[PDB]
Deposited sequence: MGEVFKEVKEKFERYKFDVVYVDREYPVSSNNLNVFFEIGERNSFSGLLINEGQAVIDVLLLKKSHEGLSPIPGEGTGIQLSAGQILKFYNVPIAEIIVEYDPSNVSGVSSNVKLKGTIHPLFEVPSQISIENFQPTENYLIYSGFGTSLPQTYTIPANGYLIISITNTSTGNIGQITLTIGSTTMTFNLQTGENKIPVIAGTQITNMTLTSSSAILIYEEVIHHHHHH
């Protein structure tokens, strides 16, 4: 069989109303169309060269979908001045003898904020958590199970945690202090926050 790789992004706004993507006649597409931004978009999937309205941040997933053309349009109901970066990524290949499917999901990108890297049994100072999110304390050690203790303070509240080898995931509010950590043997330590 033959495969064509698709990696495209186009702005869609009042200034860029339409994108026409040719997939071609005897072909199937597997991949993603990503509405990265604030413009609602209308997606027409045409078997030869019914629209799907994608709201801000939505992703249209394709598996083995026989399409000859994908048309993307700025929806006329948009608040003026909104735009999106519309990304098409995937593979064009022949129609496989398996189900053809689409699905849609909301994307919420996550970003990791480093707090501490080291290798030892405690922290060298206190740290402030910058945002609402999830604090990740990764402790690497030869043994499994219990590996030490961490103390967080937030306002007039103190919290102490039974740290395990591996990834420890704690929901945290912005401004929370990492006041101390004590491990029972020297370990690779990586502390960061998952933020949305």
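Missing from the model, relative to the deposited sequence, are the stretches 1 to 16, 66 to 76, 224 to 229.
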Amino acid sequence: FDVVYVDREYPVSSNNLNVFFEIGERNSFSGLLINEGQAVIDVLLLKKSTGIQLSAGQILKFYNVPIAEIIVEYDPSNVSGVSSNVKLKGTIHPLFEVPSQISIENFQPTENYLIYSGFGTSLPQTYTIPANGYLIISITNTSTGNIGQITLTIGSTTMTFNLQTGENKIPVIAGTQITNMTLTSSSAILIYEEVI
From here on, numbers count along this sequence of modelled residues.
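Between the stretches 57 to 65 and 165 to 173, it is 165 to 173 that shows the larger average CA temperature factor.
Stretch comparison (125 to 133 versus 29 to 37) by mean CA B-factor in the PDB entry places 125 to 133 on top.
Within the listed group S77, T91, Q101, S117, the record reports its top CA B-factor for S77.
Among all modelled residues in this chain, the alpha-carbon of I154 has a temperature factor (C-alpha) in the highest third.
The deposited CA B-factor of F21 belongs to the lowest third of values across its chain. In this PDB entry, the Cα temperature factor of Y5 sits in the middle third of its chain's modelled residues. Ranked within its chain, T50 lands in the highest third, by CA B factor from the PDB record. Looking at the C-alpha B-factors along this chain, the one for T184 belongs to the middle third.
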